[PDB]
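Contents: one structure, followed by commentary.
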Amino acid sequence: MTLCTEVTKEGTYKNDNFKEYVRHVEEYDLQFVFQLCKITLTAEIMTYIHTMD
Amino acid sequence: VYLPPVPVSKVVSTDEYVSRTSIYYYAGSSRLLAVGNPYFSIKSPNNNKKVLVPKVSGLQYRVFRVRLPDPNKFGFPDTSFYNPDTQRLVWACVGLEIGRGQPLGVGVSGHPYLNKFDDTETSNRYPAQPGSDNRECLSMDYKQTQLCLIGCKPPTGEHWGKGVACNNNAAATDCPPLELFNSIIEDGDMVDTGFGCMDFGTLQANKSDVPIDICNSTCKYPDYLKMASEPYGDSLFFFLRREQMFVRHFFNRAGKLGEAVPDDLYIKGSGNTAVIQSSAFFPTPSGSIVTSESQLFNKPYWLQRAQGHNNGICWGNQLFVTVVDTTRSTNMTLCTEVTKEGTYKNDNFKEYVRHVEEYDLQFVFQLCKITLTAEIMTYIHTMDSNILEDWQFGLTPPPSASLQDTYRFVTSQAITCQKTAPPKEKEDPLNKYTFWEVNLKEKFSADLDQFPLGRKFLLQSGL
Amino acid sequence: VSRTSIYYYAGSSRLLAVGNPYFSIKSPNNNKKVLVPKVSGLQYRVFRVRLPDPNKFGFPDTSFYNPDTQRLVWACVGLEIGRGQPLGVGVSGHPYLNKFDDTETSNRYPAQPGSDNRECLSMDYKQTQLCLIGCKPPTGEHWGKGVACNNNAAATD
Amino acid sequence: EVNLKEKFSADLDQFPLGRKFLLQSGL
Amino acid sequence: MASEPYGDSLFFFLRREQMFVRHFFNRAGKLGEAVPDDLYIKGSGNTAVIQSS
Numbered sequence: 368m369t370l371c372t373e374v375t376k377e378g379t380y381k382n383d384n385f386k387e388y389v390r391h392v393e394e395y396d397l398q399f400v401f402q403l404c405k406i407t408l409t410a411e412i413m414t415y416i417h418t419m420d
Numbered sequence: 037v038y039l040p041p042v043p044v045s046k047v048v049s050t051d052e053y054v055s056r057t058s059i060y061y062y063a064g065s066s067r068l069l070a071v072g073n074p075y076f077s078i079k080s081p082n083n084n085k086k087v088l089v090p091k092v093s094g095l096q097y098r099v100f101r102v103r104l105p106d107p108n109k110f111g112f113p114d115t116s117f118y119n120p121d122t123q124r125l126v127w128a129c130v131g132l133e134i135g136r137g138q139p140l141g142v143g144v145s146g147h148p149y150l151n152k153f154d155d156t157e158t159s160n161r162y163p164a165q166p167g168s169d170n171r172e173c174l175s176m177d178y179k180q181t182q183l184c185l186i187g188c189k190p191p192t193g194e195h196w197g198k199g200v201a202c203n204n205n206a207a208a209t210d211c212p213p214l215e216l217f218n219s220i221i222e223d224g225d226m227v228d229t230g231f232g233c234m235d236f237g238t239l240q241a242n243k244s245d246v247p248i249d250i251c252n253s254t255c256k257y258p259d260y261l262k263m264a265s266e267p268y269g270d271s272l273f274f275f276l277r278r279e280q281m282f283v284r285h286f287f288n289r290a291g292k293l294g295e296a297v298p299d300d301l302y303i304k305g306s307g308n309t310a311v312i313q314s315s316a317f318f319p320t321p322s323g324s325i326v327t328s329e330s331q332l333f334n335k336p337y338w339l340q341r342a343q344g345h346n347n348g349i350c351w352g353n354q355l356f357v358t359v360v361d362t363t364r365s366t367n368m369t370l371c372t373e374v375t376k377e378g379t380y381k382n383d384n385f386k387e388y389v390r391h392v393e394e395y396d397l398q399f400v401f402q403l404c405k406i407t408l409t410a411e412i413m414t415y416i417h418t419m420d421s422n423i424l425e426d427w428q429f430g431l432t433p434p435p436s437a438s439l440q441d442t443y444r445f446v447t448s449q450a451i452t453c454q455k456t457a458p459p460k461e462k463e464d465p466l467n468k469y470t471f472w473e474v475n476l477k478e479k480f481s482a483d484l485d486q487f488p489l490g491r492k493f494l495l496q497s498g499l
Numbered sequence: 054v055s056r057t058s059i060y061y062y063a064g065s066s067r068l069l070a071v072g073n074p075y076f077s078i079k080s081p082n083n084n085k086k087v088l089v090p091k092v093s094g095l096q097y098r099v100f101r102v103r104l105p106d107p108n109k110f111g112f113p114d115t116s117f118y119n120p121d122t123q124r125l126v127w128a129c130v131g132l133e134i135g136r137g138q139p140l141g142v143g144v145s146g147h148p149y150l151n152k153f154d155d156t157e158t159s160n161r162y163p164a165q166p167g168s169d170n171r172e173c174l175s176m177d178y179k180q181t182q183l184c185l186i187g188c189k190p191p192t193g194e195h196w197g198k199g200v201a202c203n204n205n206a207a208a209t210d
Numbered sequence: 473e474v475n476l477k478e479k480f481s482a483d484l485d486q487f488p489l490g491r492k493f494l495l496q497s498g499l
Numbered sequence: 263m264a265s266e267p268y269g270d271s272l273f274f275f276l277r278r279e280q281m282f283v284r285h286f287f288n289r290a291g292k293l294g295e296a297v298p299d300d301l302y303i304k305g306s307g308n309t310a311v312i313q314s315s
């Protein structure tokens, strides 16, 4: 975008009366849908998970 | 230990209480036309409220506002399919056509006093040429776009706009704050055109950065995210879009840059490089070829599952169809002479600029009934009041009483003033706005096949 | 890991981000805080969502699983990345870019005198879309200055 | 960082993705 | 022709058109509706005559 304002006002165009600015904007969204998981927790898996993290 | 938090009220689809009948009715408008100046409206010199030639281009949201006849004031030859007391009737929509017929061609706009400083592609040397104004006359094209939105409630668009700042901050630069505004898309306002969906009246002091068609106007853009997120979904049934854009030339503004580039990022020069040129850039979009296979009109569109829970039903017996086209946006130009002889002088002629756009609409509707029992009117009451009164079958006390005394006075107002609040229903909320009103109260039919849409629709269904 | 049939929606509201495309602007007298952040379309946008723990949650029935010996964990099955915006491109440039000559159509020449020839030019960038999701943050790669090997009489600097 | 910590739901067809999911599974 | 009930002008029809713009020229002569005042800011000197748009 190009934002451009003035400070003073006259009836004749003089470019030093104005200032100009540049801006930019974003608009986002996220949408998820999840499922639910159950783990049977025996002795081998607890070691397997332990070395993952 | 926690709990499932709250039980709350929820909507249910319109497949469950509205039952549909196999009685189909065509409707169709005649060729709606429009013609005027594509740049600015010219008003009468004395009367400063009436127009003379309205301003119409490709870029306006050409939002329509159809009307339907009531499907309860019909005298049917056999009323055996519904009891007239317990039931009611309402229209469903099942098809659509938006015909256009002008030949193709993209139109071009411009400005005579545009802020073109210099060419920023091939050779932008040093020093900068001084002077008070270097503003010139340029013309540019627009990003081609086609879309189509219908629904039971009129569509909502948005745009950036200058707002309110905060309390006093010490080393803050002068910067106007930016905020979102939701509104209703009036007829005639422009669409975005590669200059961002922002306001242009109260954000450009110099008024010399965009062409005339967007110079003192506020081009909006619809929210596809919000209107689907409405729980009732009565703002979108069905929507299409196709647009493209690419950059044609590179230009830049001129002036004291409102934020100076910091000195840490570039090595300072001298000689012919005492003063540093600005970085206020803007490009000019143009758009591309317009085929005859990248169109979105002159085609049927059947509906079988709308994207909301409103499966086509239009309460209140109106729709809101809105289309934008920028592909058929030509600008034929006129020539009127002054004094005629076979030696040319350029002041012997005085020209106009005009622009013409037409449309067409065609529909096919489907009669569907509502059984009105006890557990249903409690559901429609939470959606809207205006539906249930407009079948004119009863009145509703708005509370079942309230607990508090509410401090009722009787002594006719001479002690301590209160807000007397005289009401006014005002009979609709949309009457402030302006649309293309079309009527369809006298254009129904019961025999489809004498029309284009009926002959295409019946070949789909096999009936 | 087993699978169940209890799907759960989760949607975020919209997001706001606005600033200057070219550089972040810091206040005077601080040089640690910012007036406006540097917001442009060319920047990466990583998102770190956070989820509720599925063991401290308000499930309406606690009798489909055995709490002594099991564990509940979320899984992704669907996604969409919303967007609401025009279709505008953006241009950037450099006030003192080292555009020396022109060499696409004509370069008729003697030797040219002069010291600086930095000009103010501008060009856009390649359009590129990519989305990628993950349980661990993604890793990129980039080149840089390495070991100069400290020997063997470097004739090229 | 976007925090979805208290944004969940147990019904699907009240949000613009869940209806789009429901026809896909056939449920 | 499609909306004529007897339908005796079209048995079959096809079309393909395409078009884009190459150059830009401005016409000459005096504008019928010259531009109203509150959409621009005047100048002085070499910006004397408004260019015909």
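Protein chains in written order, with full-length UniProt numbering: chain A, 368 to 420; chain B, 37 to 499; chain C, 54 to 210; chain D, 473 to 499; chain E, 263 to 315. The beta-carbon is built from N, C-alpha and C at its ideal position, and this holds for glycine as well.
Item to check | Rounded straight-line distance, which links the Cα of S175 of chain C to that of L95 of chain B | outcome: Distance between the alpha carbons of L95 of chain B and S175 of chain C: 29 Å.
Checklist entry - With DSSP run on the structure shown, which of helix, strand or coil describes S481 of chain B? => result DSSP, reduced to helix, strand and coil, places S481 of chain B within a strand of the structure shown.
Item to check | Boundaries (first-last residue) of the alpha helix (DSSP H) holding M413 of chain A | outcome: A410 to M419 is the span of the alpha helix (DSSP H), which, as asked, contains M413 of chain A.
Next on the checklist: Less than 9 Å between CB atoms is the rule here; does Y75 of chain C satisfy it with respect to chain A?
Outcome noted: At least one chain A Cβ lies under 9 Å of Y75 of chain C.
Next on the checklist: Could you give the first and the last residue of the continuous alpha helix (DSSP H) run that contains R491 of chain D?
Outcome noted: Run containing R491 of chain D: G490 to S497, per the alpha helix (DSSP H) assignment.
Checklist entry - Beta carbon of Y395 of chain B, beta carbon of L68 of chain B: below 9 Å? => result Between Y395 of chain B and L68 of chain B, the gap from beta carbon to beta carbon is short of 9 Å.
Item to check | Where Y178 of chain B sits in the DSSP three-state scheme | outcome: Coil at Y178 of chain B, not helix or strand.
Checklist entry - In three-state DSSP terms, what is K243 of chain B? => result It is coil, neither helix nor strand.
Item to check | Extent of the continuous beta strand (DSSP E) run through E194 of chain B | outcome: Counting along the chain, the unbroken beta strand (DSSP E) around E194 of chain B starts and ends at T192 to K198.
Next on the checklist: Let me confirm a value: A63 of chain C is counted as buried when at least 16 other C-beta atoms fall within 10 Å, else exposed. Which label applies?
Outcome noted: So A63 of chain C ends up on the buried side.
Next on the checklist: Based on DSSP bridge pairs, tell me the residues matched to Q313 of chain B.
Outcome noted: According to DSSP, which records beta bridges pairwise, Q313 of chain B is partnered with nothing at all.
Checklist entry - Counting along the chain, where does the beta strand (DSSP E) carrying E387 of chain A start and finish? => result Segment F385 to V389, the beta strand (DSSP E) holding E387 of chain A.
Checklist entry - Going along chain E in order, which residues have a C-beta closer than 7 Å to the C-beta of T379 of chain A? => result Listed along the chain, the chain E residues whose CB falls inside 7 Å of the CB of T379 of chain A are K304, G305 and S306.
Item to check | Strand pairing of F471 of chain B, partner residues [DSSP] | outcome: BP columns for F471 of chain B are empty, so no partner.
Checklist entry - Within the 9 Å Cβ cut-off, does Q343 of chain B reach chain D? => result Closer than 9 Å: yes.
Checklist entry - Whose C-alpha, out of B:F493, B:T309 and B:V326, is nearest the C-alpha of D483 of chain B? => result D483 of chain B has its Cα closest to that of B:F493, out of B:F493, B:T309 and B:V326.
Checklist entry - Grouping DSSP H, G and I as helix and E and B as strand, with all else coil, what is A70 of chain B? => result Strand, per DSSP.
Checklist entry - Relative to chain B, which residues along the segment 267-288 of chain E have a C-beta separation below 8 Å, given in chain order? => result Against chain B - using a Cβ distance shorter than 8 Å - the residues of the segment 267-288 of chain E are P267, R277, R278, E279, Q280, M281, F282, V283, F286 and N288.
Item to check | Terminal residues of the beta strand (DSSP E) in which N288 of chain B lies | outcome: Per DSSP, the continuous beta strand (DSSP E) segment holding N288 of chain B begins and ends at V283 to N288.
Checklist entry - List, in order along the chain, the chain C residues whose C-beta lies closer than 8 Å to that of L489 of chain D? => result By Cβ distance, chain C contributes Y62, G64, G131 and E133.
Next on the checklist: If I follow the unbroken beta strand (DSSP E) through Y395 of chain A, where does it start and stop?
Outcome noted: Segment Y395 to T407, the beta strand (DSSP E) holding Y395 of chain A.
Next on the checklist: Just checking: is the beta-carbon of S219 of chain B within a distance shorter than 9 Å of some beta-carbon in chain D?
Outcome noted: Cβ-Cβ to chain D under 9 Å: no for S219 of chain B.
Next on the checklist: Helix, strand or coil for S265 of chain B? Go by DSSP, reduced to three states.
Outcome noted: In the three-state reduction of the DSSP assignment, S265 of chain B falls in the helix class, which pools H, G and I.
Next on the checklist: Would you say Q402 of chain A lies against chain G (beta-carbon separation less than 9 Å)?
Outcome noted: No chain G is present in this structure, whose protein chains are A, B, C, D and E.
Next on the checklist: So that I know if they touch, is there some Cβ in chain B lying closer than 9 Å to that of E411 of chain A?
Outcome noted: Output row for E411 of chain A: interface = no.
Checklist entry - So, does the CB of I423 of chain B fall closer than 9 Å to a CB anywhere in chain E? => result Not closer than 9 Å to any Cβ of chain E, the Cβ of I423 of chain B fails to qualify, so no.
Checklist entry - Residues in the segment 313-343 of chain B with C-beta within 9 Å of chain C's C-beta atoms, listed in sequence order? => result Taking 9 Å as the upper bound on Cβ-Cβ separation, chain C lies near residues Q313, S314, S315, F317, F318, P319 and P321 of the segment 313-343 of chain B.
Checklist entry - Taking only beta-carbon atoms, is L88 of chain C less than 9 Å away from chain D? => result No, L88 of chain C lies away from the interface with chain D (no Cβ there is under 9 Å from its Cβ).
Checklist entry - Using the beta-carbon of each residue, which ones in chain E are nearer than 7 Å to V246 of chain B? => result Neighbours of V246 of chain B on chain E: none; closest Cβ ~10 Å, over 7 Å.
Checklist entry - Does DSSP put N252 of chain B in a helix, in a strand, or in coil? => result In the three-state scheme derived from DSSP, where H, G and I count as helix and E and B as strand, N252 of chain B is classed as coil.
Checklist entry - To the nearest angstrom, how far is it from the Cα of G135 of chain C to the Cα of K386 of chain B? => result Those two C-alpha atoms are separated by around 52 Å.
Checklist entry - From B:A128, B:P40 and B:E279, pick the residue whose C-alpha is nearest to that of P113 of chain C; which is it? => result Selection B:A128, B:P40 and B:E279 evaluated against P113 of chain C yields B:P40 as nearest (Cα-Cα).
Item to check | Cβ-Cβ distance between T375 of chain A and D210 of chain B below 9 Å | outcome: In this structure, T375 of chain A lies away from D210 of chain B, with their beta-carbon atoms at least 9 Å apart.
Checklist entry - Are the beta-carbon atoms belonging to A128 of chain C and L397 of chain A less than 9 Å from one another? => result Result no, Cβ atoms of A128 of chain C and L397 of chain A do not sit closer than 9 Å.
Next on the checklist: Counting C-beta neighbours from all protein chains within 10 Å, is the total for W196 of chain B 16 or more, i.e. buried, or is it exposed?
Outcome noted: The residue is buried, with at least 16 neighbouring Cβ atoms inside 10 Å.
Checklist entry - Does the distance from the C-beta atom of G232 of chain B to that of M368 of chain A stay below 9 Å? => result Taking C-beta atoms as the reference points, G232 of chain B and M368 of chain A count as a pair closer than 9 Å.
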